[PDB]
Structure formats: structure tokens, C-alpha cells
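Residue numbers (our numbering), protein chains in the order written: chain L, 92 to 307; chain Y, 3 to 10; chain W, 8 to 225. Cβ atoms here follow ideal geometry from the backbone N, Cα and C, with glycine treated the same way.
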Amino acid sequence: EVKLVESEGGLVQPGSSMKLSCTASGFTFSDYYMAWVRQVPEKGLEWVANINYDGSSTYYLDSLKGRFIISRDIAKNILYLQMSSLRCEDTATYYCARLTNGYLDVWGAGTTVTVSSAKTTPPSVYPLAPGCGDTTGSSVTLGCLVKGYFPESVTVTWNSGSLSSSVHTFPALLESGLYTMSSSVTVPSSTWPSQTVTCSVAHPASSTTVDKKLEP
Amino acid sequence: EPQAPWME
Amino acid sequence: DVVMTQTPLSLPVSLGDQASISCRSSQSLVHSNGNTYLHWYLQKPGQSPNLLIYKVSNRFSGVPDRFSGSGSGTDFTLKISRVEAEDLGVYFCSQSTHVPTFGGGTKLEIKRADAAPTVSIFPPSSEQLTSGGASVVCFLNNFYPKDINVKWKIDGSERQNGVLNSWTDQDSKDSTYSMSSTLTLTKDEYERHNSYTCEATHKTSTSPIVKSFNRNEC
Numbered sequence: 092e093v094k095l096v097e098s099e100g101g102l103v104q105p106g107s108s109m110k111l112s113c114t115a116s117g118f119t120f121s122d123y124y125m126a127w128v129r130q131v132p133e134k135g136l137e138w139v140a141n142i143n144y145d146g147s148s149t150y151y152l153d154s155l156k157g158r159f160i161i162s163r164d165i166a167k168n169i170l171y172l173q174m175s176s177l178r179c180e181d182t183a184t185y186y187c188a189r190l191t192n193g194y195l196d197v198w199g200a201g202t203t204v205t206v207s208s209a210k211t212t213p214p215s216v217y218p219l220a221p222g223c224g225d226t227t228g229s230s231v232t233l234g235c236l237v238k239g240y241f242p243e244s245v246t247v248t249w250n251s252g253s254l255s256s257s258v259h260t261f262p263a264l265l266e267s268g269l270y271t272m273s274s275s276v277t278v279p280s281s282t283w284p285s286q287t288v289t290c291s292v293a294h295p296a297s298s299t300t301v302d303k304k305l306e307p
Numbered sequence: 003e004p005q006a007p008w009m010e
Numbered sequence: 008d009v010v011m012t013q014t015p016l017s018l019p020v021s022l023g024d025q026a027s028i029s030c031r032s033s034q035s036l037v038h039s040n041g042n043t044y045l046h047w048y049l050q051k052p053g054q055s056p057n058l059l060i061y062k063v064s065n066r067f068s069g070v071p072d073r074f075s076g077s078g079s080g081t082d083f084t085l086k087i088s089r090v091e092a093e094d095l096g097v098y099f100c101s102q103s104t105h106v107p108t109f110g111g112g113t114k115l116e117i118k119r120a121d122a123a124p125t126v127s128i129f130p131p132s133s134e135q136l137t138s139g140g141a142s143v144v145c146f147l148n149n150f151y152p153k154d155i156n157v158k159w160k161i162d163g164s165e166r167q168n169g170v171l172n173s174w175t176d177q178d179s180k181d182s183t184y185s186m187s188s189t190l191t192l193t194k195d196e197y198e199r200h201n202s203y204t205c206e207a208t209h210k211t212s213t214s215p216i217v218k219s220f221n222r223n224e225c
């Protein structure tokens with residue numbers, strides 16, 4: 092609280108429909124206008140649609156040619172965005188937002204929508220450990236290399252979240268039609284491998300989690 | 003009253 | 008179609024100092040009802056945008072008094088006094104007097120003392136090799152400024168293709184950046200050479216840092 096939570100977006104082929112939902116909680120839903128906005132990297136924020144208290148009046152970004160429909164189930168506290176005849180320029184992160192007097196005072200965490208004909212592919216997770224007769228100092232940097240997955244996104248955690256302080260997450264990059272990203276963690280060298288270090292990589296689009304234990 | 007001022 | 012133009016694109020500021028961001032609109036944002044629907048949002052690394060100032064000068068709940076918005080008509084300014092590291096990220100202006108549009112964003116960067124990267128190199132894992140792939144990775148951790156260059160050498164010879172360079176956003180903890188550089192080869196090329204080197208040029212040192220390994224020692 093306050094809180095808006097978008098549904099899983101994910102991969103959709105061109106021409107097909109997909110519907111996002113957004114669960115609202117902690118305020119009289121029929122007492123606030125609601126909106127969708129989307130963000131493309133390299134493009135910035137774009138207002139997509141909004142809806143008044145009871146759904147009787149809506150606004151849409153004109154260039155969506157009535158292909159998007161915003162609606163709200165007051166009974167269930169849910170905001171919808173139906174996206175018909177889906178196109179490639181609709182690939183983006185979509186945020187649910189609450190609208191008061193022209194501004195957006197609550198935002199959801201966002202959900203990504205990828206419009207592609209390509210297949211869903213789960214990640215390969217590879218250990219990154221010191222090798223080759225390196226020496227180690229007082230600390231040791233370990234990592235996981237996450238390769239060959241589609242669409243975005245994945246989340247990487249270390250030791251199920253209990254290692255967090257010294258973690259770096261490197262943004263994914265698209266090559267060969269597949270994404271690659273990595274993550275690093277640093278721990279005192281005297282505590283590894285004596286105290287195990289495992290990266291957990293979740294890829295909701297493929298419903299897959301890979302938990303890779305780092306070995307020397 | 004309006005919440006989307008460009009409409010109203 | 009009202010255009011919101013923000014300057015500068017990126018603003019470097021020392022801690023404790025003041026940052027000033029300009030947002031201009033292509034038409035007056037004074038609504039016929041008299042209100043000016045010009046708002047400011049902050050998007051921090053890996054988060055959603057959040058409201059900072061609404062209707063030109065009104066601080067949203069939880070926003071420190073040191074965020075101040077001003078302006079009128081077509082010209083607006085966000086001022087952040089006594090900047091703190093956790094202020095970093097992208098500030099967006101937004102207008103909703105007319106068909107709603109957003110500014111392109113201004114990235115606030117925190118200045119700190121230059122710092123050299125800590126460089127780690129990793130050979131391909133045996134798991135990946137079993138797959139016929141061979142990626143070599145270099146992590147360059149906690150460096151400043153963000154500008155850095157990585158060059159890969161195979162047996163001393165520069166290879167330009169097959170490299171992926173990925174930067175984190177600025178960390179509010181130490182005002183540093185990190186980046187990962189992945190050279191992806193096939194197992195076939197990997198097994199034909201011996202020396203794998205990544206060289207980091209950062210100017211934080213006159214001479215580039217080098218990290219290397221030999222395939223036969225792995």
C-alpha cells in the first residue's frame with residue numbers, strides 16, 4: 092500500500108491479441124481515474140490510455156487506432172488493457188497508474204510486453220569462478236552468465252536472496268535474437284567455497300528457474 | 003472536478 | 008502536439024550542491040480553467056517512475072523540502088538543493104493541460120573522486136564448452152567516471168566482433184559504475200588459441216589495466 096500490480100505480460104506474436112490486467116487495492120477504485128503508460132528504452136514515456144470513474148469515458152493515444160481498449164471491473168477492482176491486432180512498435184514496459192488531477196500519483200512496477208514471432212527460449216546459466224591458477228586476495232568475485240533466452244526478463248538472486256549487499260546486475264543485451272546478461276557477487280575469500288554460493292535465475296516466460304552452485 | 007484536464 | 012523539451016540530457020553534480028533542470032513546452036501549459044498541469048517524476052535505477060512535484064510547485068507526500076519546482080507558461084525549472092546520492096536517476100517533466108506528453112528526461116549523476124575498475128576475468132565454464140560455445144567474461148567493478156573502454160585480445164591480436172558491453176546505472180552506495188564485457192566465441196575458435204586478454208582503459212590510470220589467462224592453465 093498503496094499498490095498497483097500489473098499482470099505478467101510477456102511474448103505475443105504480431106496480429107494476435109493480449110490483455111494486461113492491473114490489480115488495484117487500498118482505495119475506492121470507482122473513486123479514481125486510472126491510466127496506462129508505456130516506456131520503450133531509447134524512446135521515453137508515452138501515455139497510452141485512461142478511464143474515468145465508471146468506465147463511461149476513455150482516452151486513447153490516437154495512433155493506437157482503437158486497437159487498445161481500457162476497461163475496469165469495479166466489482167473485482169481490476170483495470171484491463173486489451174491490445175488487439177498487436178504490432179511490433181507496441182513492444183514496451185507497460186505501467187498501470189492512478190490518475191488524480193492530471194498527474195499519476197501511484198505507479199505499478201511495470202510489466203514487459205514483447206511482440207515477436209520468435210520462440211520462447213529458457214536461459215542457460217553458466218558459473219563464473221576464478222580459474223587458471225589465479226591467486227585470491229581477501230575477497231573473491233564470483234558470477235553467473237545467463238545466456239540464450241527469450242523474451243526478457245530474468246531475475247537473478249544469490250543464495251535465495253540472503254546475499255545481496257555486494258551484488259551487481261548487468262543489463263541484458265540482444266544478440267543473435269537471444270538475450271545475454273550477467274550478475275556478480277563478492278564475498279570474503281575465506282568463506283568460499285566453505286560456505287556455498289548459488290545463483291538463482293528465474294525466467295517467467297519459460298516458467299523456468301535454474302539454481303547454479305558455484306564450484307572452484 | 004476534472005481528472006484528465008485535456009478532456010474536460 | 009505539445010513537445011516537452013528538457014535540458015540538459017545529463018547533469019553531473021557534487022554531493023551537497025544544487026542541481027537545476029529545465030523543462031520547456033511548445034505551447035503554454037495554462038489550461039482554460041487557469042491551472043497549469045506541469046508535473047515532475049523521478050525514475051530511480053530499476054524502479055518505476057514516482058511523482059515528485061505536481062501542478063508546477065506542489066511537493067508530493069514524502070518529498071523533501073529541498074525539491075522545489077517553479078516556472079510558468081512555457082518555462083519550468085526543478086531545483087534540487089543539497090543533493091544526496093539517492094537522488095540519482097532520471098527526472099521527467101510531464102504536461103496534461105493538453106493531450107498528455109512527457110519530456111525526454113534528465114539524468115542526474117553524482118560526482119565523486121575518480122576510481123579505477125576492479126577487473127576480473129573468467130574462462131568459459133566446462134558446462135558451456137560441452138554445448139559448443141565459449142564465452143570469456145570480464146567484470147569491471149566500481150569505477151568512475153562511467154566512460155571506460157575494453158579491448159579483447161586473442162593470442163595478442165585484437166578481436167572486435169562478438170563483444171557485448173553492459174553498464175550498470177550509477178550505484179547510490181558509492182557513486183560508481185560497473186560493466187561486464189563478454190567475448191563470445193565458438194568452441195572451435197576458442198580451442199585454436201591460447202591467450203585470452205581483456206584490457207581496460209580508463210584514464211584513471213595512465214596505463215590500461217590488463218587481465219589475462221591461458222587456455223592450457225584452466
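Helix, strand or coil at residue i according to DSSP, with G and I counted as helix
{"i": "W:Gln135", "result": "helix"}
{"i": "W:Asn40", "result": "coil"}
{"i": "W:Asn223", "result": "helix"}
{"i": "W:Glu198", "result": "coil"}
{"i": "L:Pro279", "result": "strand"}
{"i": "L:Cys179", "result": "helix"}
{"i": "L:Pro295", "result": "helix"}
{"i": "L:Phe120", "result": "helix"}
{"i": "L:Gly234", "result": "strand"}
{"i": "L:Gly252", "result": "helix"}
{"i": "L:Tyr144", "result": "coil"}
{"i": "W:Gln177", "result": "coil"}
{"i": "L:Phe241", "result": "strand"}
{"i": "W:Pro71", "result": "coil"}
{"i": "L:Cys223", "result": "coil"}
{"i": "L:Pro218", "result": "strand"}
{"i": "W:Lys51", "result": "coil"}
{"i": "L:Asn168", "result": "coil"}
{"i": "W:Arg166", "result": "coil"}
CA nearest to the CA of residue i, picked from the options
{"i": "W:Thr137", "options": "W:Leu190, W:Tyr197 and W:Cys30", "result": "W:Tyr197"}
{"i": "L:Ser108", "options": "L:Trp138, L:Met174, L:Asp122 and L:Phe120", "result": "L:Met174"}
{"i": "W:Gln13", "options": "W:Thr81, W:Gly140 and W:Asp181", "result": "W:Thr81"}
{"i": "W:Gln34", "options": "W:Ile216, W:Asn148, W:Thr104 and W:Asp178", "result": "W:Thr104"}
{"i": "L:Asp196", "options": "W:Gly110, W:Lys86 and W:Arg66", "result": "W:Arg66"}
{"i": "W:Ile28", "options": "W:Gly69, W:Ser75, W:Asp181 and W:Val10", "result": "W:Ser75"}
{"i": "L:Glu97", "options": "L:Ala126, L:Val258 and L:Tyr150", "result": "L:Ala126"}
{"i": "residue 245 of chain W", "options": "L:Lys94, L:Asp181 and L:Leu264", "result": "Past the boundaries of the shown model lies residue 245 of chain W; chain W is included only from 8 to 225, so the question cannot be answered."}
Straight-line gap, residue i to residue j (C-alpha atoms, nearest Å)
{"i": "W:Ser214", "j": "W:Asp162", "result": "20 Å"}
{"i": "W:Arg73", "j": "L:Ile169", "result": "37 Å"}
{"i": "W:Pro19", "j": "L:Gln130", "result": "24 Å"}
{"i": "L:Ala183", "j": "L:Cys113", "result": "16 Å"}
{"i": "L:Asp225", "j": "L:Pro307", "result": "11 Å"}
{"i": "L:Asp302", "j": "L:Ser291", "result": "4 Å"}
{"i": "W:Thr211", "j": "L:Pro284", "result": "33 Å"}
{"i": "W:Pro52", "j": "W:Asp176", "result": "6 Å"}
{"i": "L:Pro214", "j": "W:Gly139", "result": "16 Å"}
{"i": "W:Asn223", "j": "L:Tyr217", "result": "20 Å"}
{"i": "W:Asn149", "j": "L:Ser207", "result": "36 Å"}
{"i": "W:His200", "j": "W:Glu165", "result": "13 Å"}
{"i": "L:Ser253", "j": "Y:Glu10", "result": "51 Å"}
{"i": "L:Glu99", "j": "W:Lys114", "result": "29 Å"}
{"i": "W:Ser55", "j": "W:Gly110", "result": "16 Å"}
{"i": "W:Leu49", "j": "W:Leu59", "result": "6 Å"}
{"i": "L:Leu269", "j": "W:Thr193", "result": "16 Å"}
{"i": "W:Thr125", "j": "W:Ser187", "result": "11 Å"}
{"i": "L:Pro262", "j": "W:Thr204", "result": "23 Å"}
Endpoints, beta strand (DSSP E) assigned at residue i
{"i": "residue 308 of chain L", "result": "Nothing can be reported for residue 308 of chain L, as the shown portion of chain L is limited to 92 through 307."}
{"i": "residue 5 of chain W", "result": "Residue numbering for chain W in the displayed model covers 8 to 225; residue 5 of chain W lies beyond these limits and cannot be assessed."}
{"i": "W:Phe150", "result": "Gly140 to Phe150"}
{"i": "W:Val170", "result": "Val170 to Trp174"}
{"i": "W:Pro130", "result": "Per DSSP, W:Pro130 belongs to no beta strand (DSSP E) and is neither H nor E."}
{"i": "Y:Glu10", "result": "Here Y:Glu10 belongs to no beta strand (DSSP E), and DSSP marks it neither H nor E."}
{"i": "L:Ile160", "result": "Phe159 to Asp164"}
{"i": "W:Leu59", "result": "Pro56 to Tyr61"}
{"i": "W:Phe74", "result": "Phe74 to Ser79"}
{"i": "L:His259", "result": "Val258 to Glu266"}
{"i": "W:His209", "result": "Looking at the DSSP string, W:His209 is not in any beta strand (DSSP E), and its letter there is neither H nor E."}
{"i": "W:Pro19", "result": "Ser17 to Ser21"}
{"i": "W:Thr12", "result": "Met11 to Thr14"}
{"i": "L:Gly101", "result": "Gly101 to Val103"}
{"i": "residue 1 of chain W", "result": "This structure cannot settle anything about residue 1 of chain W, because the visible part of chain W is limited to 8 through 225."}
{"i": "L:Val204", "result": "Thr202 to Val206"}
{"i": "W:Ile161", "result": "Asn156 to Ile161"}
{"i": "L:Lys94", "result": "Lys94 to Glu97"}
Beta strand (DSSP E) segments (min. 3 residues) lying fully within the stretch 85–121 of chain W: 96–102 and 113–118
Near-chain C residues of the stretch 196–211 of chain L - C-beta to any C-beta below 7 Å: In the displayed structure, chain C is absent; the protein chains listed are L, Y and W.
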